[PDB]
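Novice: 3D, please:
(chains A, B, C, D, E and F, ligands or ions: 9)
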Amino acid sequence: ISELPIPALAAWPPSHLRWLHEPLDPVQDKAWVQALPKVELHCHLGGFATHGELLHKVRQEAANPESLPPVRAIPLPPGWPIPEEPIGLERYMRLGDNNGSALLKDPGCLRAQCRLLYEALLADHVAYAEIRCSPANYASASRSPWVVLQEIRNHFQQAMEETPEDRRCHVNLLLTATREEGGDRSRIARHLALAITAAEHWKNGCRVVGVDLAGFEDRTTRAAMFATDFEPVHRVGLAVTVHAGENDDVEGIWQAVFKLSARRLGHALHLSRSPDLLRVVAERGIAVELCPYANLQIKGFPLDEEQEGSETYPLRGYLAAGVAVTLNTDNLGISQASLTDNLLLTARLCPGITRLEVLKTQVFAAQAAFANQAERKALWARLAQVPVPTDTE
Amino acid sequence: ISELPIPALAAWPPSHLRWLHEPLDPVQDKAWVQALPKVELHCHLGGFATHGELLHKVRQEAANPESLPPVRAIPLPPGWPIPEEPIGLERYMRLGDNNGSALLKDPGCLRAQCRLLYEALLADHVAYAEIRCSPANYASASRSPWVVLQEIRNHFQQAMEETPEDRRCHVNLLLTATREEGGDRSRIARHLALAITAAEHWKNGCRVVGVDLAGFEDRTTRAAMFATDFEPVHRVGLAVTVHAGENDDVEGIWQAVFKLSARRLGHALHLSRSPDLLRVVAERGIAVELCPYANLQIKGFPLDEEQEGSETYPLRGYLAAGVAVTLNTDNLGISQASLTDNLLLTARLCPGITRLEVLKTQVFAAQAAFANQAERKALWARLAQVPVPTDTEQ
Amino acid sequence: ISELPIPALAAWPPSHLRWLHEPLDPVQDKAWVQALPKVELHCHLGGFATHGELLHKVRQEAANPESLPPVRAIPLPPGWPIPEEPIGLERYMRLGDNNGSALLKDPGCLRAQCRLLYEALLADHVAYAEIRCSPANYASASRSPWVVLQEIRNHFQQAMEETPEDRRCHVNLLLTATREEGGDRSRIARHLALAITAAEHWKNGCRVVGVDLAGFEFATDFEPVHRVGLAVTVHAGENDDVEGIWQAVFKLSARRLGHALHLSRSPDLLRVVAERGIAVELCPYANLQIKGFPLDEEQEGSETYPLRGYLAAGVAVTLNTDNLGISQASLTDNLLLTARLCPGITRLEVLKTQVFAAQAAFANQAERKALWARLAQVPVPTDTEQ
Amino acid sequence: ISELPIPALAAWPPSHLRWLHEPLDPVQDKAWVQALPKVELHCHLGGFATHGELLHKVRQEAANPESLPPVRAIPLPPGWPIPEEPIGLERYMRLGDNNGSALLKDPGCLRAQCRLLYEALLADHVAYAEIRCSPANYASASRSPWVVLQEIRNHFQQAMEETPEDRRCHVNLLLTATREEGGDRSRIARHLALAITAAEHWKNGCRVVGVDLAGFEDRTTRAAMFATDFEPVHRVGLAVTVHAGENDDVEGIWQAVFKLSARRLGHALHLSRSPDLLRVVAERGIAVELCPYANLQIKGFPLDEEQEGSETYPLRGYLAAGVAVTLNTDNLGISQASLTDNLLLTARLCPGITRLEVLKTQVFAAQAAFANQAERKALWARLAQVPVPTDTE
Amino acid sequence: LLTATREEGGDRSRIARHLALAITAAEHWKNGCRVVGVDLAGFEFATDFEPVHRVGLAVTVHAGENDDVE
Amino acid sequence: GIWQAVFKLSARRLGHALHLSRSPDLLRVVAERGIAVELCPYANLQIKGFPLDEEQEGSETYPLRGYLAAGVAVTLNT
Ligand SMILES: Nc1ncnc2c1ncn2[C@@H]1O[C@H](COP(=O)(O)OP(=O)(O)OP(=O)(O)O)[C@@H](O)[C@H]1O
Ligand SMILES: Nc1ncnc2c1ncn2[C@@H]1O[C@H](COP(=O)(O)OP(=O)(O)OP(=O)(O)O)[C@@H](O)[C@H]1O
Ligand SMILES: Nc1ncnc2c1ncn2[C@@H]1O[C@H](COP(=O)(O)OP(=O)(O)OP(=O)(O)O)[C@@H](O)[C@H]1O
Ligand SMILES: Nc1ncnc2c1ncn2[C@@H]1O[C@H](COP(=O)(O)OP(=O)(O)OP(=O)(O)O)[C@@H](O)[C@H]1O
Ligand SMILES: [Mg+2]
Ligand SMILES: [Mg+2]
Ligand SMILES: [Zn+2]
Ligand SMILES: [Zn+2]
Ligand SMILES: [Zn+2]
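Specialist: Numbering: from 1, shown residues only, chains lettered A, B, ... in the order given. Ligands and ions are numbered 1, 2, ... in the order given. Take a look:
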């Protein structure tokens, strides 16, 4: 019974302790997954309402109506949400363009984004979430990057107060730095000053808990990421999370762990190919952020297989290796899946996956989260509220 | 019309122009200096209402008039503000313990501090001021350093908008990297991060224009500050001023100019010892900001000497070497002297200083201010209104 | 129920769960701490038997009996498990000069030293131990530091195979690279290169798991160490700078801090050290004898022992013995004197220090599964009658 | 009379002041500009007698006439000095091949290049000149770079002492480190060491006032410059000037102002592209030295336009932004025109340029010059004799 | 040989002036008496002597007043 | 590269230093400090290629004799 992830999970009927050790079914477990207290660690604010009804619930709430960019017709590929072929990384980002930097440069639209994203998290029974936003991308002449960030924190804090304590998703903000750094260096340290300042203005509720180092994928940005002083952010308590991904550079992942002191690696899909890096990423406690739907639509993986293979999703191999893996959503709108759908899609990507393994990902996520001693004492008290199975056999 | 700093002093009557070249009279010219549109560059906000009737008025404005610390009795040296013998900076910095860290943590006391200070700036006819504040010292559990800073800016911004354009003193903010109390890399990283964010939150009115690198005296405070990357400060447009008082350390001034890229030197009273450093300061146009009363009280100088001596005030020596010298007040309350008084003391401190030297120091200050093109155009328009003399009869 | 660190403490009768939350008895619980499966993370090989009778046993079975330097004179301070006053560190080092570099720079003696130390670990019911050695300190003109290290590993490896698997104490080596503030810097280079080479040589049984740092309390010297999967632990004893623990965590990439008794001074270091999982190695007897702490106080003051404060803050605190012979106290004794130093320490906290050590050990996946299973069999209480 | 650059312009009658604010006429103002006390801050010694009669005058005074290189065929592009199309830097550099480090290696020819150049400076009524030379390029087996530098300084000093004080141009020397790509980084060390030695040797008359980083237009010598430790040249009182490379890079300029402590920038024609860099350059007081003819022939700009544009000469944009802009001649021989000719071209390159703008540029040059307190007090006394207009209406 | 002596927090201009003088004199004279190297009476500064090595000047370290192999 | 090897790697031998004569200062430093230049004739010919069976010393000729005449310690290897 010691193999169980949660201490409260041991004191169950013996039948359920055998059900949890049985492979998860992606069709009949939609109700059990839909009630699990979940943790979200890789969520982008810009890619939430990128098309559909949500894209018009935000545009109808704009402060000024006549300034919104006209809705362009971005054709979602066929087979979507599950494309028959990968669409690449560049096409994946371009899919969500009716939101982000063009729709949320408005007090009204940005408030519909924060408020609509919180209800979606509550609809998925998420107990903790680190939302990744770029305030510097949304700043107009009158709206400073601090004004934008100060409103995002206040909108989420307002949502967290109107809900009861037991149905309350605790939202924390990660500040991402990407895109513009390829043409300047002032922005890389202009964005690290917000985090240091934002990490001190607020001490309770919604807080800026870390700095998200997007742009670690490119090579010139990586030149400026190690050409920047990161000790000031380390002293102030901010944690560092990095985007790995298409660039399959083992040397890049090595520098982040030991030069930037990164505590989480995003989209580390090619980590098993280096056996020496896997151990270091497994003994030091580094948490890997995996996104099932967002990786199938950008890289492609075999679905509905029978036995493990050479191009299988690395979720199973990481768990055996001891790596602390976590399943996330990446882009709730640019993709079409909630945190429940992603957890269910890891039964057609990873053959033989156990239901208890789905619970371990929410225990690893509950330890990788950049929360304090108070936030992480109410998160574990909510993961112990896992619902009893509906079938049991 | 050969060597005239202000260009409005060219259609100047020859009788008055010759009067401009005569030595300044400390007692008679008090009325003329009082009407001069001056520039302030070294003014510590927390040393304004240190004692006297001004200290009390900051204390009935307290939002919570029960947590106010008691009034500690801090006697002044006899003969203040002109002490018989210099008291040193350690004793000097303790005279203003009734205001500062204790007090100014109440939101009401800070608002009175900012508004009362602005009133004293209009009384001296100051056209541009750069107040040095440390928001990290007035912060509490419910008041972060950013909240304190945003309150200080909005108190000065309101006062600016309530004044006519022709009689308005434009106030800017400098963030001070504190003395030996500072030096921790977790504290100098917070001070610079706040300055970078505040340098961009505001683009009109009262603004944050630079960081004051106090504690340069401490040898342990150095090399924690040379170990921090000041490049992001320079990229965002923040100017660096170094508070180089209370020693002759020639190898520290050399590194501030060329490593920290500092643009102003505070209390550089030993520049004449190193002629090589004096040429670099004069040629590169680094402004040396001198504080007459604060220097006389802290370290002492001869007064009313007939001829220039070895220990004489270096104000005229700096001017002869083409150094952009500026005269400031340092601490309005602790020193117990206004900007007008500081200019008049130069006659006693520096023998034979002409009335054109005083006007030159104000032109030097206008060039050394951390002001953008919009504020410079307004400051230059105010410096062209030189008051007409009254005693041009000898 | 979701507060015990092992999913086996929960499924007990109600009274046992109630006896754990009571303060640990430093007398009655002697028979129960002795039966606990402990984990040792701060043990020095050069201080096992520095005087007494075990000095003779190591001295008896040398291989060059005409070389053994004569026994010097070591006055133990008054009583000494527990000194009346601190003796300092530099004095504390010289309390064990009858054993170490001199005696162990002889093939026969070094066999006894590793053979006897493993004997002590078994008697204490230790399921895991990371021993610290300095092979370059035992080298001669015909016994290179590699030869010394290879002998040490096989002596521990031989003992492990001679003991049954149920009672086996898995031992791993931890090379100590000490910063000579006056001495030559080559021995820093030799030790690091020796650990980088030993990392790949052995993959089963006794292994060289990491490098220890007695000094710098060196950033560029440790980049190669991190490539080969070696974990660095930094001594943080004498001196009281925060900037040393601040550059050990983020420049040397340290994963364990030894004798860090002044973390509470800084309020940001405690959060960082308690949010990244950095473990603090504490030695009750060694810290008491070196620096001195109030004992038997009925309340927690300003100078009290920081174990309970660290535990409240979430810092992963382990309890160790540092030097066995020099301190003259076993792991159970160190685990019992903590009650005297820390008033109100519950007996579940003592169980907490062992779980934290299990997560702090430099063992691999296979090593951890044997260590975790062995910790599952927690001994049932004996004196539960009140 | 509150923004007049020169204090002596306030005493003018209030009828010429109206003329002073009118746009510069490049045809009717030839006589007025020719009598203006001018300042030359960018003038290469090796590109003066590159062709024409001046080349043969220099070639005729050689001490070793048998060693004179043959006069090669250098065809100037058609339409010179106003090329029909830009000819580029590399082609522009090769126009001055009949003069340079071929004739100047002869001690006799060096006198002609140094004494004829001074005679061309008095024709333009220049009150202060900063000639930049590379003594290491004219060295021989029996003539070290220090020997060449002594002759250059003493040839200009002799001419300076044979001219009246109210008619004498004060010539100062700048040493150029011309970026040998990798093969010779000892040339940079040799160049900087020569400047430091000469910075203390002479304290009166002609002096070595600074070092010219003409090699900043590269990528490996820019890296060589950025690791050269310019600290010693800063302690001996030497100023630093940097050639803003033809490559449109902003990261180089940011390091020239804050890492090399440069006090001037040469051909900084792309400062407006970064609005944050133009603000720092305008506030710190860095002087941008612009050559109209050298820029119109190398890069090419629209001429005689009736209004501004997206490709117009950046003189007006820099002046409006509060930047210290100076007009120079660069290579006075290769460009085939004088300082007076360059000033009148701004009426064609920059439409609407006023006659008070050219006066401002001379005031900017007088403040950007690397002169001491003695040479500056004599330069201002010469700039106060502004010639009275000959038209007035 | 030109001696570039580090001072106890004294002057730093002479350590650079002597190095520049040595670099110039190494190329100035090629017969008879010559400047053949620089003497370092301090640091016993690694970024201050790259120009010395790039020109072929030999350096001799003038150790003293200490017993340190470092 | 030959500069950083000598003065930053503290090299005592240089392998395949066929372009030493391009920098007279570097050649003089190598000769004076006694740094040995190890040359491989067949490997250099097969990789770089040099004229063969000439009668005089050309610009592209193999740099052995030039290095020996300059006082450099040259070694021939396989
Ligand atoms: N897979 C990825 N790889 C690299 N960068 C990514 C990736 N996914 C998101 N980003 C970065 O995340 C940043 C934040 O995206 P977000 O969804 O919050 O909207 P946004 O900033 O408005 O987007 P955009 O930059 O596309 O207009 C974007 O700048 C994008 O550069
Ligand atoms: N060297 C200095 N460093 C920092 N602040 C200074 C200094 N000299 C004067 N001050 C004033 O101190 C203010 C912040 O510090 P604080 O008000 O606590 O003063 P203090 O000198 O530390 O002591 P006190 O509060 O007793 O006056 C600054 O805004 C400035 O007004
Ligand atoms: N508790 C400690 N604190 C600091 N340094 C220590 C400590 N214990 C040992 N060292 C250092 O580690 C080395 C000794 O390690 P070890 O105890 O394994 O061998 P030893 O037999 O005691 O050696 P030696 O006789 O050379 O001291 C020496 O550098 C000693 O300074
Ligand atoms: N416009 C320019 N941009 C960049 N570098 C330049 C420019 N003009 C000249 N230089 C550099 O200045 C160096 C010295 O120029 P100068 O005219 O004084 O010498 P020179 O005798 O003409 O030299 P050379 O024969 O090598 O061209 C030239 O070698 C060239 O490297
Ligand atoms: Mg010992
Ligand atoms: Mg030429
Ligand atoms: Zn992300
Ligand atoms: Zn001050
Ligand atoms: Zn040039």
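Novice: which SSE is residue A:211 in?
Specialist: Element membership for residue A:211, per DSSP states H and E: strand A:208-213.
Novice: Parallel or antiparallel, which strands does that strand pair with?
Specialist: Strands that pair with strand A:208-213, judged by DSSP bridges, come out as strand A:170-176 (parallel), strand A:239-243 (parallel).
Novice: residue ranges for the strands of chain A, please.
Specialist: Using DSSP state E, the strands found in chain A span residues A:38-44, A:126-133, A:170-176, A:208-213, A:239-243, A:264-266, A:287-290, A:324-327.
Novice: Give me the neighbour count for residue A:108.
Specialist: By the criterion of other C-beta atoms under 10 Å in any protein chain shown, residue A:108 has 17 neighbours. For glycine as for every other residue, the C-beta is placed from the backbone atoms N, C-alpha and C.
Novice: on that earlier part again, switch the strands of chain A over to JSON lines; also include distance to ligand 1 and mean neighbour count.
Specialist: Converted to JSON lines, these look like this (distance: least, C-beta to the nearest ligand atom, whole Å; neighbours: other C-beta atoms under 10 Å in any protein chain shown):
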{"stretch": "strand A:38-44", "distance to ligand 1": "3", "mean neighbour count": "26"}
{"stretch": "strand A:126-133", "distance to ligand 1": "6", "mean neighbour count": "24"}
{"stretch": "strand A:170-176", "distance to ligand 1": "5", "mean neighbour count": "25"}
{"stretch": "strand A:208-213", "distance to ligand 1": "8", "mean neighbour count": "25"}
{"stretch": "strand A:239-243", "distance to ligand 1": "5", "mean neighbour count": "24"}
{"stretch": "strand A:264-266", "distance to ligand 1": "8", "mean neighbour count": "25"}
{"stretch": "strand A:287-290", "distance to ligand 1": "11", "mean neighbour count": "23"}
{"stretch": "strand A:324-327", "distance to ligand 1": "16", "mean neighbour count": "24"}
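Novice: looking at those strands, which is closest to ligand 2?
Specialist: strand A:208-213 (26.5 Å; C-beta to the nearest ligand atom).
Novice: which residues touch that closest one?
Specialist: A:130, A:132, A:149, A:153, A:172-177, A:191-192, A:194-195, A:198-199, A:202, A:225, A:233, A:238-243, A:256, A:260, A:262-263, A:370-371 (C-beta atoms under 8 Å, 6 or more residues apart in numbering or on different chains).
Novice: quick check: angle from it to strand A:38-44?
Specialist: Here the directions of strand A:208-213 and strand A:38-44 differ by 50 degrees (axes from the mean of the first three to the mean of the last three C-alpha atoms, to 10 degrees).
Novice: now strand A:208-213 against strand A:126-133, angle please.
Specialist: 50 degrees.
Novice: who touches the residue in the stretch 201-350 of chain A that ligand 3 sits nearest to in this structure?
Specialist: Across the stretch 201-350 of chain A, the shortest distance to ligand 3 (C-beta to the nearest ligand atom) belongs to residue A:283, at 24.1 Å. Residue A:283 sits next to A:322, C:229, C:231, C:362, C:364 when contact means C-beta under 8 Å, 6+ apart.
Novice: Can you tell me how far the residue positioned nearest the centre of chain A is from chain E?
Specialist: Taking C-alpha atoms, centre = their mean, the centroid of chain A lies closest to residue A:42, which sits 0.9 Å from it. To chain E, residue A:42 is 44 Å away according to C-beta to the nearest C-beta, to the nearest Å.
Novice: Quick check: that residue touching residue A:293?
Specialist: No - using C-beta atoms under 8 Å, residue A:42 is not in contact with residue A:293; the gap is 11.7 Å.
Novice: Count the neighbours of the closest residue to residue A:219 other than its chain neighbours for me.
Specialist: In this structure, residue A:219 finds its nearest non-sequential neighbour in residue A:247, 7.8 Å apart by C-beta to C-beta, 6 or more residues apart in numbering or on different chains. Residues near residue A:247, counting by other C-beta under 10 Å, number 14.
Novice: try residue A:373
Specialist: 12.
Novice: got the contact list for it?
Specialist: C:274, C:313-314.
Novice: near chain C, which residues of chain A show up?
Specialist: With C-beta under 8 Å from any C-beta of the partner chain as the criterion, chain A meets chain C at residues A:1-2, A:4, A:6-11, A:231, A:234-237, A:239, A:254, A:258, A:261, A:263, A:276, A:279-280, A:282-285, A:321-322, A:372-373, A:380-381, A:384.
Novice: let's go with 6 Å and repeat that
Specialist: A:2, A:4, A:7-8, A:10, A:234, A:237, A:258, A:261, A:279-280, A:285, A:322, A:373, A:384 (C-beta under 6 Å from any C-beta of the partner chain).
Novice: Out of the residues you listed, give me the one that has the most neighbours.
Specialist: Neighbour counts for the residues of chain A next to chain C (other C-beta under 10 Å) peak at residue A:234, which has 22 neighbours.
Novice: dump the residue contacts of that residue.
Specialist: Applying C-beta atoms under 6 Å, 6 or more residues apart in numbering or on different chains to residue A:234 gives the contacts residue C:250.
Novice: one more time with 7 Å, if that's ok
Specialist: Counting by C-beta atoms under 7 Å, 6 or more residues apart in numbering or on different chains, residue A:234 makes contact with A:261, C:250.
Novice: can you tell me how far it sits from chain F?
Specialist: Counting by C-beta to the nearest C-beta - residue A:234 and chain F are separated by 31 Å.
Novice: repeat for residue A:247
Specialist: Look at residue A:247 and chain F: by C-beta to the nearest C-beta, they are 29 Å apart.
Novice: Likewise for residue A:27?
Specialist: Counting by C-beta to the nearest C-beta, the gap from residue A:27 to chain F is 64 Å.
Novice: show me what contacts that residue?
Specialist: By C-beta under 7 Å, 6+ apart, no residues touch residue A:27.
Novice: Mind doing that once more with 10 Å?
Specialist: A:344, A:347-348 (C-beta atoms under 10 Å, 6 or more residues apart in numbering or on different chains).
Novice: Distance to ligand 1 added to those residues, as CSV?
Specialist: Formatted as CSV, the contacts of residue A:27 follow (distance: C-beta to the nearest ligand atom, whole Å):
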residue, distance to ligand 1
A:344, 22
A:347, 24
A:348, 22
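Novice: In helices, which of those residues fall?
Specialist: Secondary structure from DSSP state H places residue A:344 of the contacts of residue A:27 in helices.
Novice: Relative to ligand 4, which of the contacts of residue A:27 is nearest.
Specialist: Closest to ligand 4, out of all of the contacts of residue A:27 and judged by C-beta to the nearest ligand atom, is residue A:348, at 63.5 Å.
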